[PDB]
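One structure is given here, and the rest of the page talks about it.
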Amino acid sequence: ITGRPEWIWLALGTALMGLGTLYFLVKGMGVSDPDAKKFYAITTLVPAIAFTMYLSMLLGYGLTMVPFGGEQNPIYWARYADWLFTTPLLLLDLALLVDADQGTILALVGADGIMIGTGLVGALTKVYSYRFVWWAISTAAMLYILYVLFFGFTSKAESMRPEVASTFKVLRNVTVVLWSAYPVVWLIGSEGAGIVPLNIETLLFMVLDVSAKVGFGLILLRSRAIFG
Amino acid sequence: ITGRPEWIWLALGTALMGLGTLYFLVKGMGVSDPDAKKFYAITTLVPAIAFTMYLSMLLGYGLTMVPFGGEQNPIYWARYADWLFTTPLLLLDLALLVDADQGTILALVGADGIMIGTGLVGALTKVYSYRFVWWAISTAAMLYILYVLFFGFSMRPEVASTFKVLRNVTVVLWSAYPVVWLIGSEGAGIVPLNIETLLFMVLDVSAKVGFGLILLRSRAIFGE
Amino acid sequence: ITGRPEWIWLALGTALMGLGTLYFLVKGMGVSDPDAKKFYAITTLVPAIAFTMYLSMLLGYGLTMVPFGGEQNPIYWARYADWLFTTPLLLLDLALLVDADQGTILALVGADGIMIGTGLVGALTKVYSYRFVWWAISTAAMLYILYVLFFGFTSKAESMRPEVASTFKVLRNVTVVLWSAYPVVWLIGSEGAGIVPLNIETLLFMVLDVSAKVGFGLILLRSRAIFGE
């Protein structure tokens, strides 16, 4: 397990997601309000799933080798299995906060599925050039998501009660800033250009993941915005 | 890319699904009615997902080789990844149009999953004879879905007329899929892969973009 | 098809899930109550999905080989593809009976996904010791589910009409008993310690599966509890 330099970040990630899950689990005990139960369920599931995928990477299961650019490249595919479930859950937290229309929720979840799915195909693609075609489609989907979060129902948040509008705006900002970093890290890291070593890329995703999951959840579950 | 003769149909499919997606995206802008939003979201996602899977097939990612009949057979598995998501969305469009009960929506989506899932298992199965067992199970699931669309469902006249048209389009186009599979490279191998690819492309664009044009052009999508 | 000794149990499972599916399909015909329609849809899909996965195992498609402990180990991965969909559906039946809040349903479905997903990872893991780490995580998720069924639903079912309360308690007990057996069979079977041969393990899972699906469904769909109003 300790052979590759990035093991320490995978271990740390596993530990932080695990601790985060247990905290949210305990914190959610006794909560009887139906709306709050939804938020605790969603928000506890996110780092619980991430925990399993961090462990998969730590133990070697979530790592494969993909040929491109004339070499065999180490790819952690477990990330996508994590994000496939956790990113729409995070979007669901936001959508519930502002009471979004079901059509808008479906649009977000589907666009997010496309984003992660094309990211995965890009990550596993054996023809170097095509990798970035997938990256571009995935980024278009992300920009669509960010557009909806800002110009999609941001008006609905404003016309909610102050505690909701306020918590939403904070979490929206966190989301846009943190999520926007992912395509950059992918682009300069091992999946893409190979400018940053895998060790550092893994550290970067770990810091992003923990912030976007546990950080995000702390802010959300600490707020009275979750109560109906 | 140009190495496989079917590339031209995969390229055309990619372009038409993409163009269709962009059109539905723009057309859906500034739509505020909750029900209409639902239909636009569903109907826009359909060719968006199909666009990605056509591109996957065009670029070679969504192609594999399955041994059966003593040979190595080219199988585009990407189709099932597409249909797994897009066919239930299309059924959802129809179900919402008639305000179907949740139990019925679950039955349709579930049967559809079984249809595509067994289709995929058949497509990847290495014993030639068994491939057709899976085809028969999948076809039974399709027949169940068709039965429900005709017998398993009192609505305003715009809704009733758009539904009937979309249902008939669906029943006719979907029924062609099992035939194309049976005679094509996945089944008997009577029709060569480049022609089969052309056939699925015409069917897919009609069942997705054509279907969507009829639906999103109708007043049926707006909630009284 | 008869080349592996467990074939007979896979054939029997296929037939029992198939028959159960056809019986539930026919029984559900003409049911117009919206609530009952949900229960029939859920409950019929369960054995229908199980039927396809039993057939996949029977035909050899849902079998792979995984090296660990100095052997090539036969692993039926099709079980996880089955359980991934059928276990959440079974949980859904229970949740609807007691009119569970959405948040509780999502918690159950999410925990169930983790249970099956980590079970699958454990099943395919080539480092022998790590297989049991996954098993333990999966078992933790199962225990969480069982906790919810007892300290979330049993409380919400008691405050319901008597037919419902009664049918739920039976189905809850059937579920807790049967589901608890799965991690044990896995642990001592081919996926784990290898104390019980594969043919016997397949018999065990078949009896459990048929009871947990068709048995469960027979108890549920016979009850008046599936009707609303």
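Chain A is the first sequence line, chain B the second, and so forth, proteins listed ahead of strands; every chain is numbered from 1. Values below: all heavy atoms of this structure, side chains included; hydrogens, waters and symmetry mates excluded.
Under the side chain to side chain donor-acceptor pair (under 3.5 Å) criterion, B:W134 pairs with no residue at all, not counting sequence neighbours. Partners of C:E6 under the salt bridge (charged side-chain N to carboxylate O under 4.0 Å, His left out) rule, at least two apart in sequence or in another chain, are C:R4. In this structure, the side-chain contact (heavy atoms from CB on, under 4.5 Å) partners of C:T14, at least two apart in sequence or on a different chain, are C:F51, C:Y54, C:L55, C:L58. B:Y147 pairs by the side-chain contact (heavy atoms from CB on, under 4.5 Å) definition with B:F151, not counting sequence neighbours. The side-chain contact (heavy atoms from CB on, under 4.5 Å) check on A:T43 picks up A:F24, A:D93, A:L220, A:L221, with sequence neighbours excluded.
A donor-acceptor pair under 3.5 Å is formed between the side chain of C:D33 and the backbone N or O of C:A36. Side-chain atoms of C:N73 come within 3.5 Å of backbone N or O of C:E71 as a donor-acceptor pair. Side-chain atoms of A:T44 come within 3.5 Å of backbone atoms of A:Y40 as a donor-acceptor pair (strictly under, hydrogens ignored). Checking side-chain atoms of C:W186 against main-chain N and O of C:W135 turns up no donor-acceptor pair under 3.5 Å. Between the side chain of B:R131 and the main chain of B:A123, a donor-acceptor pair closer than 3.5 Å is present. With hydrogens and angles ignored, the 3.5 Å screen pairs a side-chain donor or acceptor of B:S175 with a backbone N or O of B:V171. Side-chain atoms of B:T118 do not come within 3.5 Å of backbone N or O of B:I137 as any donor-acceptor pair.
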Mind running side-chain contact (heavy atoms from CB on, under 4.5 Å) on B:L106 and C:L45 for me, showing each step along the way? CA-CA 9 Å; B:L106 179 55; C:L45 275 169; 4.0 Å; yes
Between B:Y76 and B:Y80, is the ring pair (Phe, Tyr, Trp, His ring centres under 6.0 Å) condition met? List the steps. CA-CA 8 Å; B:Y76 285 105; B:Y80 308 91; over 10 Å; no
Step by step, work out the side-chain contact (heavy atoms from CB on, under 4.5 Å) result for B:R79 and B:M53. CA-CA 7 Å; B:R79 299 194 183 285; B:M53 295 303 168; over 6 Å; no
Assess whether side-chain contact (heavy atoms from CB on, under 4.5 Å) is satisfied between C:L12 and C:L16, documenting all intermediate values. CA-CA 6 Å; C:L12 225 198; C:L16 292 170; 3.6 Å; yes
Should C:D82 and C:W77 be marked as a side-chain contact (heavy atoms from CB on, under 4.5 Å) after you check the CA-CA gap, both sets of side-chain angles, and the distance that decides it? CA-CA 9 Å; C:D82 175 338; C:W77 63 261; over 6 Å; no
Assess the residue pair C:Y61 and B:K126 against the criterion (side chain to side chain donor-acceptor pair (under 3.5 Å)); give the C-alpha distance rounded to whole Å, side-chain angles, the decisive distance to 0.1 Å, and a yes or no. CA-CA 8 Å; C:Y61 184 82; B:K126 301 184 192 179; over 6 Å; no
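With a 6.0 Å cutoff to the six-membered ring centre and a 45° limit on the axis angle, C:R172 does not count as a cation-pi contact of C:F153.
Contact record, C:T167 with C:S223: OG1-OG, 2.6 Å, taken as the closest heavy-atom pair. Residues B:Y128 and B:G69 share a closest heavy-atom pair of CB-N, 4.4 Å. Closest heavy-atom contact between C:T125 and C:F68: O-CD2, 4.0 Å.
Residues C:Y144 and A:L25 are in side-chain contact: their nearest non-hydrogen atoms beyond the backbone lie under 4.5 Å apart. In this structure, the side chains of C:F216 and C:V46 stay at 4.5 Å or more apart for every pair of heavy atoms. Counting heavy atoms from C-beta on, the side chains of C:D209 and C:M17 come closer than 4.5 Å. The shortest distance between side-chain heavy atoms of C:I145 and C:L91 falls below 4.5 Å.
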Under 3.5 Å, sequence neighbours excluded: what are the donor-acceptor pairs made by side chains of residues 107-117 of chain B?
residue, atom, partner, partner atom, Å
B:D112, OD1, B:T87, OG1, 2.5
B:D112, OD2, B:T87, OG1, 3.2

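Residue B:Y177 places its OH atom among more than 12 non-hydrogen atoms of other residues, nucleotides or ligands, all under 6.0 Å distant.
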